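Enquirer: Let me give you the structure first, and then I'll get to my questions.
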Amino acid sequence: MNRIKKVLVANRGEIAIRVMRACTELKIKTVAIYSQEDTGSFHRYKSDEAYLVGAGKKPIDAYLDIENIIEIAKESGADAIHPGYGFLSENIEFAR
Amino acid sequence: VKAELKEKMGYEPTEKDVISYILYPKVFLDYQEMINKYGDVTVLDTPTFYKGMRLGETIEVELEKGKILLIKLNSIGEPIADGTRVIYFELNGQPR
């Protein structure tokens, strides 16, 4: 693996995990993100690191806090971000 | 002595390490043995250093410029036969 050493998984649940599995299979470190209501979801324990994201936000709004996620991405050292499906998967502003 | 210490210590000592050893030999090794076990504790906030952590508490520790450990203590394990018990943490969101 070349220029991605670490990746952020900008999603939750099944899909989040599948990505983590892929990374680990490729010796890529992984970073998870969880909303307040998802402190329990076992996708957050499946990563190499994890941070809360949508602070004070309504539960669905929490995984869409674009700006927050980038700060988290930048503070983590994440070379790249995988948005999975749903949420910010198709959001242009984030992609840009 | 500088060689005595080097053999006593894991590696090659600095000039300062030496005088200290000469002045306080019993303690300097004891200090070394302790730093090997727990690492550079100088960094922990004082309350944590003397009082450890409360349950569900989260703290940050700066090991170096820009290198912060988010640490949360979730719960404490029950003792087993020989008194050992598992402590349950989240170092960087990742359960440990």
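In the structure tokens, chains take the letters A, B, ... in the order shown, each chain's residues start at 1, and ligands count up from 1 in the order shown.
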Which neighbours of residue 44 of chain B fall inside 12 Å, counting only C-alpha atoms, when residues of the same chain fewer than 6 positions from it are skipped, and could you give them as a ChimeraX atom specification?
Expert: /B:38,50-53,59-64,68-69,71
Enquirer: Include C-alpha atoms and write out the residues we just selected as a compact mmCIF listing (two decimals), in the first residue's frame.
Expert:
# COMPACT_ATOMS: atom_id res chain seq x y z
CA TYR B 38 5.28 3.19 33.37
CA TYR B 50 -1.81 11.22 42.55
CA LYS B 51 -5.46 10.08 42.28
CA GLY B 52 -5.66 8.04 39.06
CA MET B 53 -9.07 8.14 37.36
CA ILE B 59 -8.75 12.77 30.32
CA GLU B 60 -6.17 13.88 27.76
CA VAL B 61 -2.43 13.57 28.15
CA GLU B 62 0.16 15.35 26.00
CA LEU B 63 3.16 13.03 25.53
CA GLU B 64 4.94 15.50 23.20
CA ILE B 68 -2.40 13.69 22.76
CA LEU B 69 -3.93 10.47 24.23
CA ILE B 71 -8.18 8.22 27.72
Enquirer: Output the contact residues of chain A with respect to chain B at a cut-off of 9 Å, based on only C-alpha atoms, as an MDAnalysis selection string.
Expert: chainID A and resid 31:33 44:52 75
Enquirer: Any idea what's packed within 7 Å of residue 20 of chain A, counting only C-alpha atoms, ignoring anything in its chain fewer than 3 positions away? Could you give it as number ranges by chain?
Expert: A: 16-17, 23-24, 30, 47
Enquirer: Quick one: everything within 7 Å of residue 7 of chain A, counting only C-alpha atoms, minus sequence neighbours fewer than 5 positions away in the same chain. Send it as a list in words.
Expert: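 Non-adjacent residues within range: residues 28, 29, 30, 31, 78, 79, 80 and 81 of chain A.
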Enquirer: Write down as a PyMOL selection string the residues belonging to chain B that are assigned strand (DSSP E) by DSSP computed on the backbone.
Expert: chain B and resi 58-64+67-76+87-91+94-95
Enquirer: Could you work out how far atom CA of residue 76 of chain A lies from atom CA of residue 96 of chain A, giving the answer in Å with one decimal?
Expert: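 Atom CA of residue 76 of chain A lies at a distance of 19.6 Å from atom CA of residue 96 of chain A.
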Enquirer: Using only C-alpha atoms, determine which residues lie at most 7 Å from segment 59-73 of chain A, disregarding the query and same-chain residues fewer than 6 positions distant; provide the list as a PyMOL selection string.
Expert: chain A and resi 8+11+35+37+53+87-88+94
Enquirer: Residues as selected, N, CA and C atoms, written as an mmCIF file, in the first residue's frame, can you do that?
Expert:
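Saved as part_33.cif:
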data_model
loop_
_atom_site.group_PDB
_atom_site.id
_atom_site.type_symbol
_atom_site.label_atom_id
_atom_site.label_comp_id
_atom_site.auth_asym_id
_atom_site.auth_seq_id
_atom_site.Cartn_x
_atom_site.Cartn_y
_atom_site.Cartn_z
ATOM 1 N N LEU A 8 -9.992 7.439 7.654
ATOM 2 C CA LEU A 8 -11.124 7.721 8.494
ATOM 3 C C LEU A 8 -12.397 7.170 7.841
ATOM 4 N N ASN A 11 -18.703 7.061 8.696
ATOM 5 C CA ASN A 11 -19.963 6.350 8.745
ATOM 6 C C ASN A 11 -20.029 5.493 10.011
ATOM 7 N N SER A 35 -21.638 9.038 16.992
ATOM 8 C CA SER A 35 -22.484 10.063 17.577
ATOM 9 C C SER A 35 -22.715 9.721 19.035
ATOM 10 N N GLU A 37 -25.390 9.035 20.478
ATOM 11 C CA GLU A 37 -26.330 7.910 20.592
ATOM 12 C C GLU A 37 -25.672 6.590 20.180
ATOM 13 N N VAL A 53 -18.329 12.553 17.326
ATOM 14 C CA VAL A 53 -18.451 13.594 16.307
ATOM 15 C C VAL A 53 -19.574 14.585 16.618
ATOM 16 N N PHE A 87 -25.633 9.020 4.361
ATOM 17 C CA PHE A 87 -24.966 10.147 5.005
ATOM 18 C C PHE A 87 -24.207 11.000 3.974
ATOM 19 N N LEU A 88 -22.902 11.152 4.134
ATOM 20 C CA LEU A 88 -22.151 12.075 3.298
ATOM 21 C C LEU A 88 -21.541 11.391 2.081
ATOM 22 N N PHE A 94 -18.877 18.210 1.032
ATOM 23 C CA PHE A 94 -17.893 17.362 1.708
ATOM 24 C C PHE A 94 -16.838 16.842 0.741
#
Enquirer: State, in Å with one decimal place, the distance from atom CA of residue 54 of chain B to atom CA of residue 73 of chain B.
Expert: 7.3 Å
Enquirer: Could you pull out all residues of chain B with a DSSP call of alpha helix (DSSP H) and give them as a VMD selection string?
Expert: chain B and resid 2 to 8 15 to 23 25 to 38 46 to 51
Enquirer: Mind writing the picked residues with N, CA, C and O atoms as a tab-separated table (two decimals), in the first residue's frame?
Expert:
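The resulting file, result_2.tsv, is reproduced below:
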chain	number	residue	atom	x	y	z
B	2	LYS	N	30.46	5.02	34.68
B	2	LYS	CA	29.70	5.28	33.45
B	2	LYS	C	29.41	3.98	32.71
B	2	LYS	O	28.32	3.80	32.15
B	3	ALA	N	30.38	3.08	32.71
B	3	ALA	CA	30.20	1.74	32.15
B	3	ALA	C	29.37	0.85	33.07
B	3	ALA	O	28.54	0.07	32.58
B	4	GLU	N	29.60	0.94	34.38
B	4	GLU	CA	28.80	0.19	35.35
B	4	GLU	C	27.32	0.48	35.15
B	4	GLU	O	26.50	-0.44	35.12
B	5	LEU	N	26.99	1.77	35.05
B	5	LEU	CA	25.62	2.24	34.84
B	5	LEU	C	25.07	1.74	33.52
B	5	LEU	O	24.00	1.16	33.48
B	6	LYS	N	25.82	1.94	32.44
B	6	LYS	CA	25.41	1.49	31.11
B	6	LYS	C	24.97	0.03	31.11
B	6	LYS	O	23.99	-0.34	30.46
B	7	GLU	N	25.73	-0.80	31.83
B	7	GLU	CA	25.40	-2.22	32.04
B	7	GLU	C	24.18	-2.38	32.95
B	7	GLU	O	23.37	-3.27	32.75
B	8	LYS	N	24.10	-1.53	33.98
B	8	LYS	CA	22.95	-1.46	34.89
B	8	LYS	C	21.70	-0.94	34.18
B	8	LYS	O	20.63	-1.55	34.24
B	15	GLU	N	25.95	12.37	30.39
B	15	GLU	CA	26.84	12.85	31.46
B	15	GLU	C	26.05	13.10	32.75
B	15	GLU	O	26.48	12.73	33.83
B	16	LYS	N	24.88	13.73	32.60
B	16	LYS	CA	23.99	14.04	33.71
B	16	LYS	C	23.50	12.79	34.44
B	16	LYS	O	23.53	12.72	35.67
B	17	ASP	N	23.02	11.81	33.67
B	17	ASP	CA	22.54	10.55	34.24
B	17	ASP	C	23.57	9.98	35.19
B	17	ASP	O	23.22	9.40	36.22
B	18	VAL	N	24.84	10.14	34.82
B	18	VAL	CA	25.95	9.60	35.60
B	18	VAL	C	26.04	10.26	36.98
B	18	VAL	O	26.04	9.55	38.00
B	19	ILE	N	26.14	11.60	37.03
B	19	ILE	CA	26.35	12.30	38.32
B	19	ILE	C	25.22	11.90	39.24
B	19	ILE	O	25.45	11.49	40.38
B	20	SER	N	24.00	12.01	38.72
B	20	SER	CA	22.82	11.64	39.47
B	20	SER	C	23.00	10.26	40.09
B	20	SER	O	22.71	10.08	41.29
B	21	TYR	N	23.44	9.28	39.29
B	21	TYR	CA	23.63	7.91	39.79
B	21	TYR	C	24.61	7.88	40.95
B	21	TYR	O	24.36	7.25	41.99
B	22	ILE	N	25.71	8.60	40.77
B	22	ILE	CA	26.76	8.69	41.80
B	22	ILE	C	26.19	9.25	43.11
B	22	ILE	O	26.40	8.68	44.18
B	23	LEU	N	25.43	10.34	42.99
B	23	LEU	CA	24.86	11.03	44.15
B	23	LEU	C	23.76	10.23	44.83
B	23	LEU	O	23.73	10.13	46.07
B	25	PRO	N	22.47	6.55	44.12
B	25	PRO	CA	22.49	5.33	43.33
B	25	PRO	C	21.27	4.45	43.55
B	25	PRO	O	20.67	4.00	42.58
B	26	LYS	N	20.91	4.21	44.81
B	26	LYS	CA	19.74	3.36	45.10
B	26	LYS	C	18.54	3.92	44.38
B	26	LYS	O	17.84	3.17	43.71
B	27	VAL	N	18.31	5.23	44.50
B	27	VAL	CA	17.09	5.84	43.95
B	27	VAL	C	17.14	5.94	42.44
B	27	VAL	O	16.09	5.82	41.79
B	28	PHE	N	18.31	6.18	41.87
B	28	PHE	CA	18.41	6.39	40.43
B	28	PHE	C	18.04	5.13	39.64
B	28	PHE	O	17.32	5.21	38.65
B	29	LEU	N	18.52	3.99	40.09
B	29	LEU	CA	18.09	2.74	39.50
B	29	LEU	C	16.60	2.55	39.72
B	29	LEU	O	15.88	2.19	38.78
B	30	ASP	N	16.14	2.75	40.95
B	30	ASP	CA	14.72	2.61	41.30
B	30	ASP	C	13.89	3.49	40.39
B	30	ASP	O	12.80	3.10	39.95
B	31	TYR	N	14.40	4.68	40.11
B	31	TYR	CA	13.75	5.60	39.19
B	31	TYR	C	13.71	5.05	37.76
B	31	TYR	O	12.68	5.12	37.08
B	32	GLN	N	14.86	4.55	37.31
B	32	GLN	CA	14.98	3.89	36.01
B	32	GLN	C	13.98	2.73	35.88
B	32	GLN	O	13.17	2.71	34.95
B	33	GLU	N	14.01	1.80	36.84
B	33	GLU	CA	13.12	0.63	36.84
B	33	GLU	C	11.70	1.07	36.73
B	33	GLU	O	10.91	0.42	36.06
B	34	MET	N	11.37	2.17	37.40
B	34	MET	CA	10.00	2.68	37.41
B	34	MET	C	9.62	3.34	36.11
B	34	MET	O	8.48	3.21	35.67
B	35	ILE	N	10.55	4.07	35.52
B	35	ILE	CA	10.27	4.72	34.25
B	35	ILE	C	10.10	3.70	33.12
B	35	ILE	O	9.34	3.93	32.19
B	36	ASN	N	10.84	2.59	33.20
B	36	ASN	CA	10.70	1.53	32.21
B	36	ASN	C	9.30	0.93	32.30
B	36	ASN	O	8.69	0.62	31.29
B	37	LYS	N	8.84	0.73	33.51
B	37	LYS	CA	7.54	0.11	33.77
B	37	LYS	C	6.37	0.97	33.29
B	37	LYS	O	5.44	0.45	32.67
B	38	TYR	N	6.42	2.27	33.59
B	38	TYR	CA	5.28	3.19	33.37
B	38	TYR	C	5.55	4.32	32.34
B	38	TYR	O	4.62	5.05	31.95
B	46	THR	N	-1.48	16.60	37.36
B	46	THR	CA	-1.20	16.24	38.75
B	46	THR	C	-2.30	15.41	39.41
B	46	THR	O	-2.02	14.31	39.88
B	47	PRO	N	-3.54	15.87	39.40
B	47	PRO	CA	-4.58	15.00	40.00
B	47	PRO	C	-4.55	13.55	39.52
B	47	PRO	O	-4.59	12.63	40.31
B	48	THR	N	-4.46	13.36	38.22
B	48	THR	CA	-4.37	12.00	37.70
B	48	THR	C	-3.15	11.28	38.28
B	48	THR	O	-3.23	10.08	38.54
B	49	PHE	N	-2.03	11.98	38.40
B	49	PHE	CA	-0.76	11.39	38.88
B	49	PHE	C	-0.89	10.86	40.30
B	49	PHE	O	-0.44	9.75	40.58
B	50	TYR	N	-1.58	11.62	41.15
B	50	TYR	CA	-1.81	11.22	42.55
B	50	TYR	C	-3.11	10.45	42.81
B	50	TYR	O	-3.19	9.67	43.76
B	51	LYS	N	-4.14	10.67	42.00
B	51	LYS	CA	-5.46	10.08	42.28
B	51	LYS	C	-5.97	9.10	41.21
B	51	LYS	O	-7.03	8.49	41.39
Enquirer: Enter the distance from atom CA of residue 4 of chain A to atom CA of residue 26 of chain A, in Å, rounded to one decimal.
Expert: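 Computing it gives 10.0 Å between the two atoms.
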